[PDB]
Amino acid sequence: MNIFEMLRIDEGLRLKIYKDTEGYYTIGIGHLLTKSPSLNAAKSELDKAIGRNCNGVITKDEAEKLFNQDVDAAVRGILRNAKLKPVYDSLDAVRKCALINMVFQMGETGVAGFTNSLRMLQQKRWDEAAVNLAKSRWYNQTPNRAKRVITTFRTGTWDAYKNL
Ligand SMILES: [Cl-]
Ligand SMILES: [Cl-]
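Per the authors' numbering, the sequence shown starts with residue 1, numbered consecutively.
Shown next as structure tokens:
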């Protein structure tokens, strides 16, 4: 498994504008278009991102291009972040994916706020970090996805994504 497969599973793929779990306009593989409630604004942001008049729909290749851009942006965001970088550099390959996943869903900002969990992960206190990560709105609002990511940080394996 790799980060692309992992996020593909957690975010799915939709080729028409849709509302994400928080009601925000999104498309493709979890690519957020805007937080505004206006559908026009979203169609606007869509065309600007794609570079053509899409009228709210894109192709699979367009979706995959956004996804490649988004994963690259997240990793780079992590590396530019002073709170994130040290944790990311301390982790093994599987676990790094769980961090990227969080960053892709909630942004650099959002993750850098899980201060206590981040320190636990840095110290490799897996079971403790998992408990701490669960005391969050994130786990309470999207528990199935949060459980998969948390199990990933806990075990360092892909078991939570296996058989999906
Ligand atoms: Cl809580
Ligand atoms: Cl969920």
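The C-beta atom is built at its ideal place from N, Cα and C for all residues, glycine as well.
{"Check": "Among 131, 58, 68, 109, which residue has its Cα nearest to the Cα of residue 5?", "Outcome": "68"}
{"Check": "When DSSP labels each residue in this structure, what does residue 15 get in the three-state scheme?", "Outcome": "strand"}
{"Check": "How about residue 121 and residue 134: are their beta carbons less than 9 Å apart?", "Outcome": "no"}
{"Check": "Roughly how many angstroms separate the alpha carbons of residue 126 and residue 163, rounded to a whole number?", "Outcome": "23 Å"}
{"Check": "Please state the DSSP three-state secondary structure of residue 34.", "Outcome": "strand"}
{"Check": "Taking the straight line between their C-alpha atoms, what separation do you get for residue 102 and residue 157?", "Outcome": "17 Å"}
{"Check": "For a test of the three-state rule: what should DSSP assign to residue 115, helix, strand or coil?", "Outcome": "helix"}
{"Check": "Would you identify the three-state DSSP class for residue 24, choosing helix, strand or coil?", "Outcome": "coil"}
{"Check": "Name, in chain order, the residues that DSSP records as bridge partners for residue 57.", "Outcome": "16"}
{"Check": "I'd like to confirm something about residue 117: is its beta-carbon nearer than 8 Å to some heavy atom of ligand 1, or not?", "Outcome": "no"}
{"Check": "Classify residue 149: buried if its beta carbon has 16 or more other beta carbons within 10 angstroms, exposed otherwise.", "Outcome": "buried"}
{"Check": "Apply the 10 Å Cβ neighbour rule to residue 73 and answer buried if 16 or more other Cβ atoms are within range, or exposed otherwise.", "Outcome": "exposed"}
{"Check": "Look at residue 25 and residue 39 and say whether their C-beta atoms are less than 9 Å apart.", "Outcome": "yes"}
{"Check": "Quick check on the DSSP output: what are the complete beta strand (DSSP E) runs of length 3 or more inside the region 67–99, in order along the chain?", "Outcome": "none"}
{"Check": "Say the cut is 8 Å; is the CB of residue 140 nearer than that to a heavy atom of ligand 2?", "Outcome": "no"}
{"Check": "Cβ-heavy atom distance between residue 144 and ligand 2 below 8 Å?", "Outcome": "yes"}
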